[PDB]
Amino acid sequence: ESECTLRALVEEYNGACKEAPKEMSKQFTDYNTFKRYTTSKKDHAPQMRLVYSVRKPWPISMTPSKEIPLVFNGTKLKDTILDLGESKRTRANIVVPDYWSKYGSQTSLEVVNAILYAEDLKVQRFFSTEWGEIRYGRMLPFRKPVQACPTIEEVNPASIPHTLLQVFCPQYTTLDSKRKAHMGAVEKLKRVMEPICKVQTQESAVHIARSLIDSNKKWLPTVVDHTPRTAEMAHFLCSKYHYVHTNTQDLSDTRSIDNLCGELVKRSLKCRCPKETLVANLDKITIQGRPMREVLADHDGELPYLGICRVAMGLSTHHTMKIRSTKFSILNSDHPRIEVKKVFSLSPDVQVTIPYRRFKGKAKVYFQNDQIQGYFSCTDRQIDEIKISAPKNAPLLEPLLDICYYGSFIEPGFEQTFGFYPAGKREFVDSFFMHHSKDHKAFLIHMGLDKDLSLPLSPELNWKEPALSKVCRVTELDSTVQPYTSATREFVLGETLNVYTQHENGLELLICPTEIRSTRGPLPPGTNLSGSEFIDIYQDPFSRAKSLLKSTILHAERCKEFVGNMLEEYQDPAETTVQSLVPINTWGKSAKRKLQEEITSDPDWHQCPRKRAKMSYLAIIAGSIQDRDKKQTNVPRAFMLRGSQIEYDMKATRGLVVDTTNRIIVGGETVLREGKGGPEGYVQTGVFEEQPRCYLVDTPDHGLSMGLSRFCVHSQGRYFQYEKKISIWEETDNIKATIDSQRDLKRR
Amino acid sequence: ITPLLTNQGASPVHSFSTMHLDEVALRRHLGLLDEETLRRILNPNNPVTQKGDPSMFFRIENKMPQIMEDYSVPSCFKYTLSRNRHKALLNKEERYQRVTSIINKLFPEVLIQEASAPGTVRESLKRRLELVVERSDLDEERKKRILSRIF
Amino acid sequence: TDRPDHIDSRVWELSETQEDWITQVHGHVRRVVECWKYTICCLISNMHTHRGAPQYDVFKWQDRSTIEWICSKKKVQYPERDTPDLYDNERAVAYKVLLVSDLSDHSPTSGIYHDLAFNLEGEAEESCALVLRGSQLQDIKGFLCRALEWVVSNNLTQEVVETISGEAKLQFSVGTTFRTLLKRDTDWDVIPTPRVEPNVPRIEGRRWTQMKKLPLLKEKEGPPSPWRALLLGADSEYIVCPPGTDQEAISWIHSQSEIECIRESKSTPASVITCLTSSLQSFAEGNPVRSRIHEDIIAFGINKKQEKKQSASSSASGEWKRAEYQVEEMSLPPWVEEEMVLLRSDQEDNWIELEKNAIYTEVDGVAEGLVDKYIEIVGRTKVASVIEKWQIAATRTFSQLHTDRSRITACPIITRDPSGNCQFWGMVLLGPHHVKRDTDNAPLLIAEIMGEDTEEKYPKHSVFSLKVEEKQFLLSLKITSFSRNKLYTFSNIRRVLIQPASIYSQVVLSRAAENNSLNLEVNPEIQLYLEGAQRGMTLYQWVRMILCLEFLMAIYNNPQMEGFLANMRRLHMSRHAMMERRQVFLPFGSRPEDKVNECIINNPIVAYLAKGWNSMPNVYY
Amino acid sequence: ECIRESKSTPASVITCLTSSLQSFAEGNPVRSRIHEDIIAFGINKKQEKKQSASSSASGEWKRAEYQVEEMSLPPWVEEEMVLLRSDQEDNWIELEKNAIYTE
Amino acid sequence: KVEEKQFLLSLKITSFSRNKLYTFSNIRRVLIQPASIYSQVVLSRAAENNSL
RNA sequence: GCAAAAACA
RNA sequence: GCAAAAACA
RNA sequence: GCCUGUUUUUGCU
RNA sequence: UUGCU
RNA sequence: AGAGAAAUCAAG
Ligand SMILES: *O[C]1[C]([C]OP([O])(=O)OP([O])(=O)OP([O])(=O)O[C][C]2O[C](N3=[C]N([C])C4=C3N=C([N])[N]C4=O)[C]([O])[C]2[O])O[C](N2[C]=NC3=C2N=[C]N=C3[N])[C]1O[C]
């Protein structure tokens with residue numbers, strides 16, 4: 001039972017106090033130092049003694065036991081005669097493990113499964129990837145950091161210690177640690193380690209848990225666009241002389257997060273100062289139960305919109321400049337890529353402008369596309385040298401044209417007009433590519449021809465192809481060239497959500513919206529856009545109405561603002577949602593009048609959630625798309641959402657909102673539970689070294705559910721008594737308001 | 001006694017592509033190692049690799065998340081090799097080892113994060129012991145006679 | 001980054017350029033405390049309006065020009081030294097936010113503003129409590145308590161209390177006498193302030209010279225180097241014995257053998273042969289350890305150090321002088337080329353029997369195919385047999401050295417063929433050894449079978465004629481001293497096969513990658529400088545004598561060989577550069593050949609490599 | 001929370017179901033794949049089995065000789081046969097009535 | 001657990017062909033076989049008295 | 001895992 | 001964090 | 001006997 | 001006591 | 001003797 005464990009702990013504490021009168025009068029924090037004193041575990045060289053050690057008469061040291069017989073068939077197993085009883089004293093032959101492999105006590109099968117679980121994952125992962133065909137090509141290595149082993153979940157490092165504490169020791173955690181932990185990873189780890197912790201010690205179990213949810217990236221040479229996104233099978237799938245063509249989908253939610261970030265960026269650019277708008281929204285949107293900042297910190301991807309949102313939160317990004325299929329990286333340059341605001345006015349009064357970018361000074365840019373890779377050195381707009389490594393007879397049209405577009409070296413399409421007046425940037429760039437696809441003579445006239453036949457580039461852009469003349473200043477790559485950055489880059493998020501890289505003589509553009517092309521994709525599961533200002537992102541009318549109602553009901557100030565903006569035709573951040581939820585009708589003025597009676601009769605309405613629900617219902621009907629022809633009629637008790645059979649009710653007796661005296665449920669989820677679990681959260685309110693006069697809950701969970709107004713939690717000998725939150729606003733909103741007022745007062 | 005393992009003279013199970021794979025798991029997957037011997041070599045109670053001191057174990061979603069009992073290294077082939085047979089500072093460091101072990105057993109949370117409990121070691125572990133016994137779900141008399149013997 | 005979790009990102013960004021934190025005591029903690037005060041100011045002024053404008057206006061962390069612009073309109077003025085953090089328009093009172101460690105003893109400050117003192121636990125002073133609203137008190141208490149939790153989590157309580165109190169110890173200070181101690185061996189103070197103008201002068205330098213021709217390594221002159229190795233090498237032979245254990249084989253040999261001295265060396269007296277026979281006797285009845293005999297004293301040098309010390313003391317004369325050690329220089333012996341030509345002849349058996357790894361994938365299949373090809377092209381070679389003999393002898397002698405013994409131990413060298421018949425390469429006798437370190441020497445007596453006897457190659461070997469079953473063999477029986485570390489290293493001598501395998505695999509895989517398909521049977525024509533001229537040569541025999549030379553260097557590895565090989569890489573790279581029409585330039589006093597020549601003293605294989613380097617062309621056109 | 005665990009249906013597949021119940025609740029009857037889906041539908045199972053069999057192949061080819069195991073009458077057949085007859089408060093059958101023109 | 005109400009959820013991994021799923025999509029036809037008997041029995045009573 | 005004559009996965 | 005091993009300067 | 005720095009591979013707390 | 005191709 | 005190479009081992 002638990003009683004024996006308590007006896008053991010008490011006896012161990014008594015022994016430590018008695019055997020070590022010192023070493024315990026020290027501070028507890030001193031454990032951070034004297035835990036590092038682990039001498040006497042040192043041996044000279046075990047590799048130079050193994051052969052002799054195995055062949056000693058009694059090599060194996062083990063604790064005394066009766067399971068191993070003193071003398072087995074013929075042979076004597078254990079040397080239990082000399083000093084039996086001195087801890088790890090008994091000495092046994094090298095054959096004792098062999099004797100135990102047979103003729104030994106067995107164990108239940110679930111224990112064996114639990115012991116081998118971590119290794120069985122690797123075994124089936126190896127015997128599950130489709131083994132392709134070996135291709136030999138004399139690979140040119142690309143040295144990059146890759147993740148050592150796959151993870152069950154992606155958790156940012158700062159959240160690793162809090163996640164594990166939520167799995168093994170919830171009873172010694174605070175609500176801040178609970179909020180900083182990844183609860184999906186917590187649940188997965190609990191399910192995984194429930195059998196594992198029965199056969200593994202505390203430190204071992206922590207080790208396997210962290211190894212399951214840590215990245216531990218290491219530098220390895222991989223092959224371009226063939227990385228197995230994990231070093232687990234790198235020794236098998238690539239050996240500098242071959243690769244095994246393997247097929248594997250993304251198997252991740254990074255694309256969905258990119259879709260969400262792209263929607264947020266696109267909708268943020270349509271308002272004043274998009275940067276502050278995006279930063280404010282990202283601090284109020286949550287995916288599952290995790291805030292958007294932490295999930296952005298979790299997914300450090302290669303995608304543009306994800307990089308923009310990570311930079312907006314103060315994080316870094318790994319995005320690189322990419323033109324269609326070719327990726328570019330500036331090895332070094334004298335000055336950043338200067339923008340040119342070249343105007344191609346269609347008329348003296350009507351003007352259309354197509355800004356572009358170029359190099360001012362000397363620059364060197366590495367490029368790669370498919371198996372082709374190399375670099376080019378240029379001065380201003382004149383190309384100086386090109387080094388290329390590519391398979392023989394490969395077509396080098398698209399990489400060279402991507403280089404030309406990146407540097408604006410070629411000017412049938414830069415500094416001048418093709419012909420008929422371009423419609424816009426999209427059409428102009430497409431015309432550039434389609435014209436230069438069939439006309440590559442611009443490259444030839446740009447860098448001339450050479451009479452030397454050793455140059456590998458053919459005039460028709462084929463690598464190492466015999467011809468009459470060869471393209472000058474394009475040669476095979478001498479030594480391996482790869483982009484490396486020494487100082488950690490810090491990114492600047494400028495207006496229009498432009499992600500710049502801090503170059504010495506200015507700012508280097510890295511990501512620029514308005515030319516990022518990506519179709520709309522599914523949102524991440526569990527996305528909760530009920531924060532503010534962005535609800536139309538949801539395509540489903542169900543969730544679109546649910547988020548709006550959750551915003552209105554759970555916040556009295558939001559309900560007041562919504563009613564005020566929806567009654568007097570003010571600017572409401574959710575006008576599109578209201579228009580798309582209610583069909584064309586003639587109930588506007590009637591609903592507005594009803595709002596009038598219910599605001600005049602009870603001006604104190606915005607504290608009863610039932611009143612908030614009724615007011616929100618009337619306001620949503622009031623600002624619907626009013627029909628032009630039909631006359632106004634009385635507001636119906638209940639109506640129907642657009643393109644769905646979902647019924648919305650005034651009294652909330654049925655349909656989307658159900659408000660029973662015990663609780664209010666919106667969209668099948670209990671938004672309000674009367675009596676326990678108030679709408680507003682908790683604040684820490686006190687740290688003490690002694691038990692406060694409150695109720696000590698077992699864990700952060702089993703708290704926040706009883707709805708107590710005073711409860712303490714324990715953490716490293718300290719007590720934290722969370723009480724309640726009574727302020728209607730939030731610290732982030734308070735700071736934002738104060739800073740906005742200060743900046744406005746500075747400007748005014 | 002058939003070998004069934006590489007160190008026992010059996011045919012190698014690791015290939016060029018299976019460098020990273022554990023021997024026991026790979027042999028089990030390939031069928032070269034039946035469950036009859038698996039339940040014996042992976043016994044957490046085998047005398048070969050039994051530790052000399054009781055060890056602490058977590059319990060996920062359990063009334064008592066701390067269970068202390070005797071333990072053995074699962075594999076019977078992970079044994080230790082006997083060795084032939086700043087002096088007092090070594091004894092002081094052994095005392096430090098004992099204090100560290102009792103701290104780890106009584107304070108699992110420092111197993112994941114840095115130590116920040118206030119006060120001295122003796123008082124901190126005394127308070128933690130009283131707290132954990134208070135949360136043992138045992139009856140009152142058990143608790144009083146347990147805290148009676150704490151020094 | 002450095003931002004604490006509770007501190008807002010905007011507040012952290014705004015606080016970066018407000019004070020010069022680097023010069024202040026606990027600059028990071030001071031910045032965190034200032035962020036705490038600014039956050040408290042923000043929480044005090046939270047969505048409160050009086051006449052359509054915010055009730056509280058915050059003067060903290062704002063430009064001073066605008067502060068004075070708005071301060072005049074309120075009919076107030078404050079000095080630069082102390083400006084109130086915030087101001088209440090509804091009550092029209094300037095308030096300064098203060099953090100203290102004790103609210104019991106707090107006193108007002110200058111009348112230009114009133115103090116809103118707060119405790120580190122979120123508590124507020126009585127007046128501070130009554131001025132502010134309950135929601136403001138709760139928010140401030142919550143924020144300060146989260147800050148306190150962050151502080152106690154990071155063990156920063158002492159620093160936070162110190163910064164709050166303001167004593168601000170400099171965290172480091174050098175005293176008076178310690179400074180005098182430090183300044184003893186330097187012309188500058190603790191912080192040097194030289195009175196010289198920073199400038200980089202112009203120094204007249206030398207000129208870089210092209211290395212038109214590769215350096216010629218000098219060849220030492222002297223007597224030819226003897227075979228200085230633990231075992232014979234290519235001259236090693238074995239005796240075929242009926243299948244069985246080592247004891248049975250030794251009993252068969254000893255009972256059917258005749259020993260006759262045919263060549264006796266002064267270094268190894270012939271009289272020690274009895275020792276070997278005695279060991280045979282001891283090992284015939286299964287006793288690998290035998291008691292000492294008289295001749296052992298001659299064989300293993302028992303009490304030799306004391307006798308030499310007494311002889312030196314008796315013969316000591318003159319005046320004390322420095323050591324001045326001398327190393328004899330010896331020339332390249334003729335037997336190195338014979339060793340290269342031998343050691344490569346084909347053998348009946350494979351002599352490399354390594355268990356094949358498992359095969360699961362096609363990559364595994366091609367890897368094992370390459371390994372099998374390498375094994376079958378270097379297996380049936382005398383190198384493999386000599387490597388097996390060396391490894392067996394090294395392991396058998398090493399396993400008997402992890403103890404202290406005053407007796408004689410026998411370590412027979414016996415291998416076994418696939419047919420099962422024993423192969424007697426020789427025996428190693430380990431004399432009385434009491435090792436205290438891993439680098440000290442222990443006496444050994446190496447008896448082993450020769451194939452051919454050379455006076456100039458084995459001057460310290462006493463050759464015996466051995467008659468066994470109408471068969472004639474030769475016996476080496478040399479006295480040697482050898483170390484534990486060297487024996488352990490030679491116990492793993494099978495690792496020498498990797499480098500020639502590396503060359504072979506690189507050639508095959510490069511050809512496969514060039515043709516985009518694996519052949520596995522390619523035997524191309526490597527061009528090499530054979531006799532001073534470039535001729536073609538098959539890859540298989542190239543790998544074969546690469547293995548031969550690798551083994552020869554492994555058993556002859558000493559400081560001279562290490563230095564020679566370490567310094568030859570620069571010259572190898574220079575030669576490889578010059579064969580590709582690349583010019584090589586050198587500094588003023590550059591002589592890359594000297595660092596190689598200093599390592600060429602008496603090592604026969606170092607001399608062989610030097611001759612090979614000298615033979616090939618030095619000028620590339 | 002899991003009551004009974006079967007090796008044929010691992011517990012982790014519940015993560016799939018909760019992944020769908022939520023997704024279908026958001027107007028997405030079709031959702032992207034997750035890790036727990038890997039062992040939920042036999043994804044890459046044919047390759048797994050074939051590669052494992054190739055790696056563990058031993059012996060020599062023989063006839064397939066397939067067999068079916070004989071199993072007795074289950075004890076639950078009569079409870080099934082008597083439980084399908086439980087009376088229900090609803091008709092549970094809705095068939096549109098046809099027109100009537102003759103007797 | 002739904003509204004303090006207990007239920008058991010059975011999860012099974014299976015795989016079925018389109019033929020079987022289409023056949024079971026028209027499972028209602030099973031109602032035809034029993035009714036016949038009943039119908040016949042009714043007609044049987046009619047055959048007893050020519051009075052349904 | 002689904003089947004039932006090796007199929008699908 | 002600790003212990004062992006290896007390489008490089 | 002067996003320094004410092006960096007990196008890497010294991011295992012244990 | 002003693003068995004690596 | 002010897003090993004060895006800028007000085008040691010070759011026991012008490
Ligand atoms: O140095 C080292 C560190 C590093 O690592 P990372 O990556 O950073 O992670 P982490 O751990 O989290 O960090 P920190 O925070 O600093 O620490 C924490 C804490 O807790 C402990 N631990 C941890 N872990 C993991 C562990 C522990 N203990 C035991 N017994 N086991 C385990 O596992 C520590 O100590 C601290 O206090 O970090 C650390 N580490 C890492 N790893 C490890 C460690 N330690 C120990 N062990 C291990 N294994 C170190 O420092 C301290």
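Here is the naming used below: chain letters follow the sequence lines, and residue numbers restart at 1 for every chain.
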Return yes if the base of [N] and the side-chain atoms of [X] contain a donor-acceptor N/O pair under 3.5 Å, otherwise no.
X: A:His207; N: H:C12; result: no
X: C:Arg437; N: J:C9; result: no
X: C:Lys436; N: J:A11; result: no
X: C:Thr439; N: H:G1; result: yes
X: C:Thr245; N: I:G3; result: no

Options [options], nucleotide nearest the side-chain atoms of [X]:
X: C:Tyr325; options: G:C2, J:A6, J:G4; result: J:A6
X: A:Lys42; options: F:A9, F:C2, G:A4; result: G:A4
X: E:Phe16; options: H:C12, J:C9, F:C2; result: F:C2
X: D:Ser8; options: J:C9, G:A4, F:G1; result: F:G1
X: A:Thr38; options: H:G1, G:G1, G:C2; result: G:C2
X: C:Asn602; options: I:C4, J:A5, J:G2; result: J:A5
X: B:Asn104; options: G:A5, I:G3, H:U13; result: H:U13
X: A:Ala45; options: H:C2, G:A5, I:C4; result: G:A5
X: C:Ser481; options: J:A1, G:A4, J:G2; result: J:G2
X: A:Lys35; options: F:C8, I:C4, G:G1; result: G:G1

Under 3.5 Å for both distances, do we get a Watson-Crick or G-U wobble pair between [N] and [M]?
N: H:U4; M: F:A9; value: no
N: G:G1; M: H:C12; value: yes
N: G:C2; M: H:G11; value: yes
N: G:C8; M: H:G5; value: yes

Check your understanding: Mind checking whether E:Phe16 and E:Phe24 have ring centres under 6.0 Å apart?
Key ->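 So the answer is no for these two rings.
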
Using the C1'-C2'-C3'-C4' torsion, which pucker class fits [N]: north or south?
N: G:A6; answer: north
N: H:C12; answer: north
N: J:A6; answer: south
N: F:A9; answer: north
N: F:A4; answer: south

Check your understanding: Which pair of non-hydrogen atoms, one from C:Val378 and one from C:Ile352, has the smallest distance, and what is that distance?
Key ->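 Heavy atoms only, the tightest pair is O-CD1, 4.0 Å.
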
Check this one for me: any side-chain N or O of [X] less than 4.0 Å away from OP1 or OP2 of [N]?
X: A:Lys218; N: H:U9; answer: yes
X: D:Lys46; N: F:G1; answer: no
X: C:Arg416; N: I:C4; answer: no
X: C:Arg396; N: I:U2; answer: no

Check your understanding: Would the bases of G:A6 and G:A7 meet the stacking rule of centres under 5.5 angstrom and planes under 30°?
Key ->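 Base stacking for G:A6 and G:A7: confirmed.
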
**Study point:** is_stacked(I:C4, I:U5) at 5.5 Å centroid, 30° plane limits
**Key:**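 Stacking does not hold for this pair.
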
Practice item. Look at C:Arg290 together with C:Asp296 and state whether they make a salt bridge at an N to O cut-off of under 4.0 Å. Key: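 Answer for the salt bridge query: yes.
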
Check your understanding: Which word best sums up how the rings of C:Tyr556 and C:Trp227 line up, parallel for under 30°, tilted for 30 to 60°, or perpendicular for over 60°?
Key ->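 The arrangement is perpendicular - the two ring planes meet at more than 60°.
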
Exercise for review: Just say parallel, tilted or perpendicular for the rings of C:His461 and C:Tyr458, cut-offs at 30° and 60°.
Suggested key: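 Plane angle over 60°, so perpendicular.
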
How is [X] classified with respect to the nucleic acid when contacts are heavy atoms under 4.0 Å: base, sugar-phosphate, or nothing?
X: A:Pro46; result: sugar-phosphate
X: D:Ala64; result: nothing
X: A:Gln202; result: nothing
X: C:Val289; result: nothing
X: C:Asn558; result: sugar-phosphate
X: D:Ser6; result: nothing

Taking only the [atom1] atom of each, what is the distance from [N] to [M] in whole angstrom?
N: H:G1; M: J:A7; atom1: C1'; value: 15 Å
N: J:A5; M: J:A11; atom1: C1'; value: 24 Å
N: J:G4; M: J:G12; atom1: P; value: 23 Å

Review point. Is the number of heavy atoms from other residues, nucleotides or ligands under 6.0 Å of C:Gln310 CD greater than 12?
Key: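 Yes, enclosed.
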
Point to revise | Residues, nucleotides or ligands: over 12 heavy atoms within 6.0 Å of C:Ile375 CD1 | key: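 Count over threshold, so yes.
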
Practice item. State whether a side-chain donor-acceptor pair under 3.5 Å links C:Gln400 with C:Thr409. Key: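 No pair is found: no donor N or O on one side chain lies under 3.5 Å from an acceptor on the other.
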
**Study point:** Along RNA chain I (nearest heavy atom to each residue), the more 5'-positioned of C:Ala384 and C:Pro412
**Key:**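 In this pair, the answer is C:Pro412.
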
Exercise for review: In whole angstrom, give the distance that lies between atom CG of C:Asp440 and atom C1' of J:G4.
Suggested key: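 Answer to the nearest Å: 13 Å.
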
Point to revise | E:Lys20 NZ to F:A3 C1', straight-line distance once rounded to whole Å | key: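 Rounded to whole Å, this separation is 6 Å.
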
Check your understanding: In this structure, which one of C:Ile392, C:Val496, C:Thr381, C:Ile555 forms a side chain to side chain contact (heavy atoms under 4.5 Å, CB included) with C:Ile387?
Key ->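 Running side chain to side chain contact (heavy atoms under 4.5 Å, CB included) over C:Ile392, C:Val496, C:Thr381, C:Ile555 with C:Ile387 returns exactly one hit, C:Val496.
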
